[PDB]
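Reviewing the structure listed below.
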Amino acid sequence: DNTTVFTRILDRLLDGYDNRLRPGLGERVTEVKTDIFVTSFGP
Amino acid sequence: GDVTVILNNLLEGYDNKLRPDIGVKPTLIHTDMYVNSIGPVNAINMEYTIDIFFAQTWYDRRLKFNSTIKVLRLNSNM
Amino acid sequence: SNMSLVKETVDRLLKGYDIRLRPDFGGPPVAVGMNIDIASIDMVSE
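Protein chains in written order, with the authors' numbering: chain D, 10 to 52; chain E, 25 to 102; chain C, 7 to 52.
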């Protein structure tokens, strides 16, 4: 049963997680690194 | 942290079906616009396109919290 | 009988079922076989 451990991991990650708050709301600035791969430059 | 506590305390006993001052007074809403562009004004269908950032602001006495932070800046999640 | 048996079987299958995880999530890859029955190719626009 190697599927229950990853379920417990994913449930502990989401236990008390508030997705209305950016990471580091009171201490630092959230720094997002962006990337674009153009698969097709349309008409 | 503390912002989660503030957000959870604001939404307890909250009814989003009732405007603020539901039986007291009308709510005053201040509106602002920022026109990004006014699109093509075609006369065939008698219309014109516009792209705006529509901003509204009002007072809700239920979303009042006491803390050392002054403003909660949120996503579209709430 | 034969209906509630299948009902409990499917309920047993779907209880404790993590949809976030693929089959053998931390193991070997899962093989997926494809079939296509083309019904129509409608309009080839130039």
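We put the beta carbon where it would ideally sit given N, CA and C, even for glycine.
Residue i, enclosing alpha helix (DSSP H) - first and last residue
i              : result
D17 of chain C : 9 to 20
Which of helix, strand or coil DSSP assigns to residue i
i              : result
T55 of chain E : strand
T16 of chain D : helix
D75 of chain E : strand
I30 of chain E : helix
Residue i versus residue j - alpha carbon distance
i                      : j              : result
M9 of chain C          : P29 of chain C : 27 Å
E52 of chain C         : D44 of chain D : 32 Å
residue 113 of chain E : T51 of chain E : What is shown of chain E runs 25 to 102, which leaves residue 113 of chain E out entirely.
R37 of chain D         : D26 of chain E : 15 Å
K94 of chain E         : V65 of chain E : 43 Å
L23 of chain D         : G22 of chain C : 17 Å
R31 of chain D         : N40 of chain E : 24 Å
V41 of chain D         : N99 of chain E : 16 Å
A79 of chain E         : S91 of chain E : 25 Å
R18 of chain C         : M40 of chain C : 28 Å
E36 of chain E         : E14 of chain C : 38 Å
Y26 of chain D         : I47 of chain C : 47 Å
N28 of chain D         : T28 of chain E : 10 Å
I25 of chain C         : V38 of chain C : 17 Å
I42 of chain C         : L42 of chain E : 52 Å
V16 of chain C         : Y38 of chain E : 38 Å
### Query
Does the pairing of the region 72 to 83 of chain E with the region 46 to 62 of chain E give three or more beta-carbon distances under 8 Å?
yes
### Message
To be precise: take each residue of the region 25 to 48 of chain C, compare its Cβ to all Cβ atoms of chain D, and keep it if any distance is under 9 Å. Which residues remain?
### Response
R26, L27, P29, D30, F31, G32, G33
### Query
Looking at chain C, which residues of the region 26 to 41 of chain D have a Cβ within less than 8 Å of any of its Cβ atoms?
none
### Contact residues within the region 36 to 47 of chain E, judged by C-beta distance below 7 Å to chain D
none
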